[PDB]
There are 2 protein chains.
Amino acid sequence: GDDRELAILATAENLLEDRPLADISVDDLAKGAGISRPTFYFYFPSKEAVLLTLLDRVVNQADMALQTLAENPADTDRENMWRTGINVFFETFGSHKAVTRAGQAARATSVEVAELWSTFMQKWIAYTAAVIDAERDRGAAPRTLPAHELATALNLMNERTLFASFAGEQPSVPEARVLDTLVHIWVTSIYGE
Amino acid sequence: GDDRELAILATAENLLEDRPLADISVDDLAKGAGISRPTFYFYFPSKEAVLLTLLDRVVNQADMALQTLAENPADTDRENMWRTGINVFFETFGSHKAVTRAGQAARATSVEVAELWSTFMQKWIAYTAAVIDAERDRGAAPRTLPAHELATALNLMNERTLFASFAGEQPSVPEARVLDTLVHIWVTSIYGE
Ligand SMILES: CC1CCN(C(=O)NC2CCCCCC2)CC1
Ligand SMILES: CC1CCN(C(=O)NC2CCCCCC2)CC1
């Protein structure tokens with residue numbers, strides 16, 4: 001049942017490594033999952049809905065990992081604290097590059113994908129701003145920019161920079177340098193005056 | 001001649017304030033420019049080519065303004081130097097929000113738009129890295145990250161942050177706060193250790 005569903009999702013993620021969603025058919029997804037086309041339509045209204053589900057899965061996986069970290073602080077300095085946090089997104093999305101790539105593109109096209117992305121970005125920015133505020137309250141960070149505005153720009157930076165790196169865009173930061181690059185900018189901008 | 005061309009471009013930019021390129025027809029562009037459909041096809045192969053030209057115009061306008069600034073340094077501190085530079089992009093793209101919005105979306109869709117964007121981003125990143133290197137050479141900035149990598153991430157930040165603000169995305173930095181926010185992050189990340 002949800003085995004067929006998981007087979008459909010696994011096929012879609014596998015096929016998206018080779019080509020865009022536009023060049024993948026329902027017949028392609030049905031074939032890979034070992035089901036018929038009408039049986040596919042039982043589980044999903046469209047190939048677009050398959051992608052929405054795959055992205056939902058990835059975004060929630062990142063979110064849950066961040067929640068785990070938030071409840072279980074590593075015992076480090078401020079630089080390492082932010083690095084471990086950014087690393088949740090680097091590893092999670094980085095482990096699902098085809099879904100990430102297809103899901104970012106689908107924002108143009110799909111109100112549900114746009115809203116999914118928007119919902120979680122708002123949550124991650126709010127969490128970021130809450131940590132910056134805590135750092136200021138404890139006297140570890142100076143009161144410079146509005147924390148929510150700073151958080152917004154830094155999150156958008158990470159979105160654009162991580163995804164360009166993963167896609168091998170020209171220009172992009174090399175994937176093996178993107179974590180150090182982002183951590184530098186986060187730490188200097190959050191702690192600097 | 002190039003009056004009809006300019007009328008076509010002016011119509012397209014006007015129409016793009018109201019709706020996406022998908023909901024604009026060649027017949028729409030011909031009508032607004034006071035020409036027939038075949039006369040349109042004389043000047044442009046497609047509505048897509050009209051957008052490519054409008055974006056080319058905007059991107060070159062920004063580039064030329066930056067070149068002017070590069071030849072004519074304002075006499076200020078380092079914060080103001082970067083602010084004036086970022087402001088070229090804020091004002092130029094900000095004066096053409098519909099073209100910016102449509103042109104960013106067309107990257108998914110159009111190899112020529114993707115390459116145009118890529119070419120100029122590479123140029124602006126190289127210029128950014130050259131200024132950071134000059135600042136380090138003069139002893140004004142510390143030798144932290146690889147300057148080209150730092151430049152890349154900061155440029156990508158500006159791309160994503162400016163365009164989210166202009167489009168009124170959720171989330172976004174308010175347009176009236178985006179310049180201060182970006183300048184802060186640029187200055188702290190370039191001069192901070
Ligand atoms: C404590 C924070 C939470 C937010 N962080 C992020 O990297 N968020 C971004 C990840 C890139 C992909 C899009 C989402 C924004 C840093 C750690
Ligand atoms: C001396 C630098 C040159 C580059 N700068 C930029 O803002 N570039 C970005 C502008 C946003 C739109 C996309 C292009 C990247 C800062 C000033």
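For this entry, the PDB record names X-ray crystallography as the structure determination method and reports a resolution of 1.5500 Å.

We now examine the interface of chain B and chain A. Contacts between chain B and chain A engage 34 residues on the former and 34 residues on the latter. Buried area between chain B and chain A, both sides added, is near 2700 Å², and the carbon and sulfur share of it is 67%. Across the contact surface, chain B and chain A share four salt bridges. Here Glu159 of chain B and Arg160 of chain A are joined by a salt bridge, their closest N and O atoms 2.6 Å apart. Taken together, chain B and chain A are joined by 10 residue pairs in polar contact. Of all elements in the fold, only α7 (111-137), α8 (147-167) and α9 (175-191) of chain B reach the threshold of two or more residues within the side of chain B that touches chain A. Among the elements that make up the side of chain B that touches chain A, the one with the highest residue count is α8 of chain B (11 residues).

Next up on the list: the relation of the copies chain B and chain A. Placing chain B over chain A gives an RMSD of 0.0 Å and needs a rotation angle of 180 degrees, together with 0.0 Å of translation along the axis. A rotation of that kind, with that shift, is consistent with a two-fold axis. Among all residues of chain B, the minimum C-alpha distance to the rotation axis is found for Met157 of chain B, at 2.1 Å. Of all interface residues in chain B, 100% are interface residues in chain A too; the two copies therefore contact each other through one and the same surface.

All names here are of chain B. Taken together, 15 residues lie near ligand 2, and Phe89, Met121, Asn155, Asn158 and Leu162 sit nearest. Contact between ligand 2 and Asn155: a nitrogen atom at 3.1 Å from a side-chain N or O atom of the residue. Between ligand 2 and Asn158 there is a distance of 2.8 Å, counted from an oxygen atom to a side-chain nitrogen or oxygen. When isolated, ligand 2 has an accessible area of 420 Å², and the protein chains bury 98% of it. Only α5 (78-94), α7 and α8 provide two or more residues apiece to the shell around ligand 2. Looking at the shell around ligand 2 residue by residue, the classes come out as 10 nonpolar, four polar and one charged.

All right, on to the site of ligand 1 then. Residue and element names in this part refer to chain A. Close to ligand 1 lie 15 residues; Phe89, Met121, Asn155, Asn158 and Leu162 are nearest. One of the side-chain nitrogen or oxygen atoms of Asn155 is found 3.1 Å away from a nitrogen atom of ligand 1. In the model, an oxygen atom of ligand 1 is placed 2.8 Å from a nitrogen or oxygen of the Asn158 side chain. Summarising the interface, the protein chains cover 98% of the accessible area of ligand 1, which totals 430 Å² for the free molecule. Counting residues per element, the ones that place at least two in the shell around ligand 1 are α5 (78-94), α7 (111-137) and α8 (147-167). Residues belonging to the shell around ligand 1 are distributed by class as follows: 10 nonpolar, four polar and one charged.

Mapped onto this numbering, the UniProt entry gives "domain: HTH tetR-type" at residues 2-62 of chain A. Along residues 2-62 of chain A the backbone is 79% helical and 0% strand, and the end-to-end C-alpha distance reaches 22 Å.

Of all hydrophobic cores here, the largest spans 134 residues; its most connected members are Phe93 and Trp124 of chain A together with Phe93 and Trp124 of chain B. Those residues in contact with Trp124 of chain A, other than ones at most four positions away along the chain, are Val59, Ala62, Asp63, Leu66, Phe89, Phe93, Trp117 and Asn155 of chain A.

The sites that UniProt annotates as "DNA-binding region" are residues 25-44 of chain A. Helix makes up 75% of residues 25-44 of chain A and strand 0%, and the two end C-alpha atoms of the span are 13 Å apart.

Right, let's get into the packing of aromatic side chains. Inspection of the entire model under this criterion finds 28 aromatic pairs over all chains. A ring pair is formed by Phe40 of chain B and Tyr41 of chain B, whose centres lie 5.4 Å apart and whose planes are at 90 degrees; its orientation type is edge-to-face. Both rings, one in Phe90 of chain B and one in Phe166 of chain B, keep their centres 6.0 Å apart while their planes meet at 35 degrees; by these two values the pair is tilted. Taken together, the residues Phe90 of chain B in helix α5 and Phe166 of chain B in helix α8 connect sequence positions 76 residues apart. A network of ring pairs unites the aromatic residues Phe89, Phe90, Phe93, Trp117, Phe120, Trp124, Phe163 and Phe166 of chain A as a single cluster. Over the ring of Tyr191 of chain A we find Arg78 of chain A, and its NZ or CZ is 4.4 Å from the ring centre.

Rules and cut-offs
- Residues numbered from 1 in each chain as written, not as in the entry; some residues may be left out.
- Chains lettered and ligands numbered in written order.
- Heavy atoms only, no water.
- Residues with missing side-chain atoms left out of burial classes, pairs and counts.
- Contact = heavy atoms within 4.5 Å.
- Buried area = accessible area lost by both parts, 1.4 Å probe.
- Salt bridge = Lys/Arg side-chain N within 4 Å of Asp/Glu carboxyl O.
- Polar contact = N/O pair within 3.5 Å; in protein donor to acceptor, adjacent residues only side chain to side chain.
- Helix = DSSP H or I, 4+ residues; strand = E, 2+ residues; numbered from the N terminus.
- Least-squares fit on C-alpha atoms.
- Near = heavy atom within 4 Å.
- Areas by Shrake-Rupley, 256 points an atom, 1.4 Å probe, with all protein chains shown as cover.
- Nonpolar A, V, L, I, M, F, W, Y, C, P; charged D, E, K, R; others polar.
- UniProt positions renumbered as here; feature names shortened; annotations may be inferred.
- Core = buried A, V, L, I, M, F, W, Y, C linked by side-chain atoms within 4.5 Å.
- Buried < 20%, exposed > 50% of the residue type's maximum accessible area, 1.4 Å probe, protein only.
- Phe/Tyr/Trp six-rings, centres within 6.5 Å; stacked < 30°, edge-to-face > 60°.
- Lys NZ or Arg CZ within 6 Å of the ring centre and 35° of its normal.

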